[PDB]
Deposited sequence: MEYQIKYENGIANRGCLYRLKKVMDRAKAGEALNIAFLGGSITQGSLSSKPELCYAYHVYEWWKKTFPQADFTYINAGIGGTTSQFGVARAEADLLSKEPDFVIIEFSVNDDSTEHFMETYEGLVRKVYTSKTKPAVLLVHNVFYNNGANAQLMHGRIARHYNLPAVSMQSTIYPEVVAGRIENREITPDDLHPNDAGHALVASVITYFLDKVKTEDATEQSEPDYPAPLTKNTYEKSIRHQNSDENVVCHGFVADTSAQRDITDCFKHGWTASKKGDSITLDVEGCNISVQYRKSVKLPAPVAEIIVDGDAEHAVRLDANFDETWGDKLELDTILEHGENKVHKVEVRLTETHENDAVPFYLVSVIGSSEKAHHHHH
């Protein structure tokens, strides 16, 4: 095969920030190389952490700039979207003072206006954060059908003049034309293997090399309503929570990928919990279990039980446990909402309790 590497540049965008980081590296300054994304970012399905695309991109920094000391920050969580991204950014990413940030959610986000709005939220938050990090957008692709959410994420790239590289216009063209058999690079047509992770990294480092061998724009108003830029996770540390059957999980979290932590568990019908959550948007995080059967809960917003949403922890997929996030209220009134979660169905043979991870309250941050 030969990849057309130039087809990787989905957007050139403004290189001011990224070149400024390269200049700091040349000056021997310590730099923080971060990655925020889904399963591919975390490192699925590499044989070792060191062979995932993120670590490859990190080694590119090390090798190209030996005079600088680089820190690797992998904030990937499998089976999660930019909606979770924007809520966890502060804890998992911005609190480690990133200088380079790759955002990788283009095969986790659906290509819908909802995720254009959450992705914008995420992008605005990260770009205007304290360390003013260089942001590169990375668009993976589904190798079964050539799909991604790049239509929605691209619009945001061009809006903020962010660089963006895509595997949809580099790797997938090779695969669809027969020049690459799928199983050489991915066992399941989504997650790269060792070869695939090296290939994905190579499309990124091509761009990075191009930048090296070669002041930032006005900050635009948001393209969308942008009502997720301020996303607050309410977990088992929040006061204002009153448990009625739900008990807080006090167990220690090994890393961010140990994602059923800092929340609450319940086992008995009628077990409930109430939260005060401020925002115009309300979303809820819970476990969908591969181990069946499991409880079913409903979530009620502002006492409106007639229009409650079913949270079924009986996963209908078989790959593993999912950290689900459902949007329950969107573009409501911005205020403190009452949120209740209660178990509506249980089974004598339930293999796991219901795990409520978080409830997220979201609203816009004012543009100036």
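- Note: segments 1-2, 217-221, 376-378 of the deposited sequence have no C-alpha coordinates in the structure.
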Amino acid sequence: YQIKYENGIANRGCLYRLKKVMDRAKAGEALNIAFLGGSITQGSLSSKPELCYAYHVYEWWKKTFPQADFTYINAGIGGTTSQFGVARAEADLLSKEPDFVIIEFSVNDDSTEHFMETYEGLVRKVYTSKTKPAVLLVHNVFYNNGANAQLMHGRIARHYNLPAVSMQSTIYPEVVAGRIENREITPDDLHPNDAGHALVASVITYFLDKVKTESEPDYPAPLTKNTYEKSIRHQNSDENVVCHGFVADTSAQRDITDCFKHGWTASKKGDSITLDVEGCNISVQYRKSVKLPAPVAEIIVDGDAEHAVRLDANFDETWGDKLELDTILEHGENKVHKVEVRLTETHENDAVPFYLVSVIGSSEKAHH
From here on, numbers count along this sequence of modelled residues.
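- Mean CA B-factor, 322-330 versus 59-67: the higher value falls on 59-67.
- Mean CA B-factor, 79-87 versus 247-255: the higher value falls on 247-255.
- Note on 105, 115, 286, 219: the highest value goes to 219, judged by CA B factor as recorded.
- Of all the options 36, 311, 30, 341, the entry's greatest CA B-factor is assigned to 30.
- Per the deposited record, the Cα B-factor of residue 179 falls in the highest third when ranked against the other modelled residues of its chain.
- When the modelled residues of the chain are ordered by C-alpha B-factor, residue 100 sits in the lowest third.
- Sorting the modelled residues of the chain by their CA temperature factor places residue 161 in the middle third.
- For residue 278, the recorded CA temperature factor ranks within the middle third of the chain's modelled residues.
- Annotation for residue 359: C-alpha temperature factor in the lowest third relative to the rest of the modelled chain, per the entry.
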